[PDB]
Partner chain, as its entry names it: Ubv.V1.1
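Only one chain is given next, in structure tokens, and it is the form deposited without its partner chain.
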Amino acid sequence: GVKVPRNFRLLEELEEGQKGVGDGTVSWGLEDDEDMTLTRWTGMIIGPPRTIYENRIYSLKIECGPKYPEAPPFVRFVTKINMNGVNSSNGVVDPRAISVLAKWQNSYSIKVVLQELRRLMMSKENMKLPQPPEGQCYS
């Protein structure tokens, strides 16, 4: 049931998410403020300037399982997006496509995942990809 190292870590991540973090351009918090298991999180990425994503906000669902942080979280975009490493029909982020997920370290975190996805949005492979209309979400 209650795994101390896991829960301690997720509470640290919760506290970190409640205050400004990194460069301020990604944020996270619990999807449901009553989920005492700390499993389901909402991620957010501010669409980067000078890319096709500019002036849009992106929502994500991040699930931190029983084995987190020893095992990487499951990550999917909610906001519809065309981006390498993400399934265009369901938003699931392919772990093999994302260095920090493919090569997960237990020192990584929800923050690191979101920061790396934001960095990837700015990369040459993604920054000009035509996008679905705004306000489309995967269910």
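Numbering follows the first chain given and starts at 1.
Going by the B-factors listed in the PDB entry, is the mean over the C-alpha atoms higher for 83 to 91 or for 31 to 39?
Per the PDB record, 31 to 39.
For the stretches 92 to 100 and 53 to 61, which has the higher mean C-alpha B-factor as given in the deposited record?
If you average the C-alpha B-factors of 92 to 100 and of 53 to 61, the larger mean comes out for 92 to 100.
Kindly indicate the residue among 14, 129, 21, 121 with the greatest C-alpha B-factor in the PDB record.
Among 14, 129, 21, 121, the highest C-alpha B-factor in the entry belongs to 21.
Splitting the chain's C-alpha B-factors into thirds, which one does residue 73 fall into?
Middle third - that is where residue 73 ends up once the chain's C-alpha B-factors are sorted.
If you look for the form solved in complex with its partner chain, you will not find it shown, but the lines that follow are about it.
Segment assignment from 83 to 91, 23 to 31, 99 to 107, 61 to 69: heavy atom within 4.5 Å of its partner chain in the deposited bound form
So the stretch in question is 23 to 31.
Pick from 78, 52, 46, 112: which has a non-hydrogen atom within 4.5 Å of its partner chain in the deposited bound form?
Of the listed residues, the single hit is 46.
Considering only heavy atoms, tell me if residue 124 and its partner chain come within 4.5 Å of each other in the deposited bound form.
Taking the distances in the deposited bound form, the answer for residue 124 is no, it never comes within 4.5 Å of its partner chain.
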